[PDB]
Structure formats: C-alpha cells, structure tokens
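Asks: Once you've had a glance at the structure underneath, I'll fire off some questions.
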Amino acid sequence: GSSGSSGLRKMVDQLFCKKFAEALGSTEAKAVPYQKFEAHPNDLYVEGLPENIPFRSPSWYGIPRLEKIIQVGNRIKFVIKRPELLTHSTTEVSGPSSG
C-alpha cells in the first residue's frame with residue numbers, strides 16, 4: 001500500500017485489496033478473489049458495506065458508488081470464514097502482472 005492511488009476504481013480496488021488482506025493478516029496488498037467470495041459468499045464476504053450496494057469489483061461500481069464505498073472504506077470489514085479456499089497467496093510472482 002503506497003500513498004497515491006488515483007481513480008476511484010483504482011482506489012477502491014486497493015481499498016478492498018488492503019482490507020481483504022487485513023482479515024487475511026498480511027502486510028502487503030493482494031487481489032480480492034471476487035470468485036471465492038461468489039462461490040462462497042456465505043463463507044467469504046465483506047462487512048460494513050454501504051446500503052443498497054453489493055460487493056463486486058470496482059470496475060463495476062458506479063462513479064458515485066465507488067466514493068460512497070471509499071467513504072465507508074474506513075468501516076469496511078473482511079471476514080475470512082474459510083481462507084483455505086484461497087489456498088495460500090504467493091505463487092512465484094513479483095510485481096503487477098497483467099494489471
């Protein structure tokens with residue numbers, strides 16, 4: 001997590017990445033497996049989200065939606081009922097691959 005992040009989408013992306021990590025108990029940022037959360041929304045999900053606002057990628061969230069989330073991004077929470085689903089994180093990678 002570095003200071004900057006320009007663009008809601010980006011910011012939001014990071015926001016979650018971070019939060020998501022927190023629950024995971026990591027120092028560095030990671031990619032939120034929206035899939036795992038989709039195939040296991042009862043296990044893997046988020047808390048402290050905005051009303052009338054689900055939990056999806058930032059590339060989906062509206063322009064105003066993002067911010068709204070960012071506003072409550074300080075109250076957001078990530079529950080890892082089953083982290084195993086993620087099955088570790090590291091996998092021979094150093095740097096932003098693809099994006």
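In the structure tokens, chains take the letters A, B, ... in the order shown, each chain's residues start at 1, and ligands count up from 1 in the order shown.
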Identify, on the basis of only C-alpha atoms, every residue whose closest approach to residue A:37 does not exceed 12 Å; exclude the query and any residue fewer than 4 positions from it along the same chain; express the result as a PyMOL selection string.

Replies: chain A and resi 20+32-33+41-46+54-57+78-83+85-86

Asks: Kindly indicate which residue among A:31, A:4, A:87, A:12 lies nearest to residue A:61, using only C-alpha atoms for the distances.

Replies: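 Distance minimum relative to residue A:61 lands on A:12.
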
Asks: Using DSSP on the backbone, list every residue of stretch 19-83 of chain A that comes out as strand (DSSP E), and give them as a PyMOL selection string.

Replies: chain A and resi 44-47+77-80

Asks: Grab the residues selected above and save them as a JSON list (two decimals), in the first residue's frame with N, CA, C and O atoms.

Replies:
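Produced file out-v8.json, reproduced below:
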[["chain", "number", "residue", "atom", "x", "y", "z"],
["A", 44, "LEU", "N", -16.89, -16.50, 2.49],
["A", 44, "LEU", "CA", -16.06, -15.37, 2.14],
["A", 44, "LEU", "C", -16.95, -14.20, 1.72],
["A", 44, "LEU", "O", -17.67, -14.29, 0.73],
["A", 45, "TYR", "N", -16.87, -13.12, 2.49],
["A", 45, "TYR", "CA", -17.66, -11.94, 2.21],
["A", 45, "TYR", "C", -17.04, -10.70, 2.86],
["A", 45, "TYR", "O", -15.93, -10.76, 3.39],
["A", 46, "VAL", "N", -17.77, -9.60, 2.79],
["A", 46, "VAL", "CA", -17.31, -8.35, 3.36],
["A", 46, "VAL", "C", -18.40, -7.77, 4.27],
["A", 46, "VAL", "O", -19.58, -8.06, 4.10],
["A", 47, "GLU", "N", -17.96, -6.96, 5.22],
["A", 47, "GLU", "CA", -18.88, -6.34, 6.16],
["A", 47, "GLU", "C", -18.64, -4.83, 6.22],
["A", 47, "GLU", "O", -17.60, -4.35, 5.78],
["A", 77, "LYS", "N", -15.14, -4.14, 6.43],
["A", 77, "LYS", "CA", -14.58, -5.27, 7.14],
["A", 77, "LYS", "C", -14.59, -6.50, 6.23],
["A", 77, "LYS", "O", -15.48, -6.65, 5.40],
["A", 78, "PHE", "N", -13.59, -7.35, 6.42],
["A", 78, "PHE", "CA", -13.48, -8.56, 5.63],
["A", 78, "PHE", "C", -13.40, -9.80, 6.53],
["A", 78, "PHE", "O", -12.50, -9.91, 7.36],
["A", 79, "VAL", "N", -14.37, -10.69, 6.34],
["A", 79, "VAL", "CA", -14.42, -11.91, 7.12],
["A", 79, "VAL", "C", -13.91, -13.08, 6.27],
["A", 79, "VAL", "O", -14.34, -13.26, 5.14],
["A", 80, "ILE", "N", -12.99, -13.84, 6.86],
["A", 80, "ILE", "CA", -12.42, -14.98, 6.17],
["A", 80, "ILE", "C", -12.86, -16.27, 6.87],
["A", 80, "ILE", "O", -12.06, -16.91, 7.55]]

Asks: Compare A:91, A:52, A:14, A:74 by their minimum atom-to-atom distance to residue A:28, counting only C-alpha atoms, and give me the closest one.

Replies: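 Among A:91, A:52, A:14, A:74, it is A:14 that comes nearest to residue A:28.
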
Asks: From a DSSP calculation on the backbone, collect every residue of chain A in alpha helix (DSSP H) and output the set as a PyMOL selection string.

Replies: chain A and resi 8-24+34-39+63-71

Asks: Find the distance between atom CA of residue A:26 and atom CA of residue A:89 and write it in Å to one decimal.

Replies: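 Distance reported for this atom pair: 10.0 Å.
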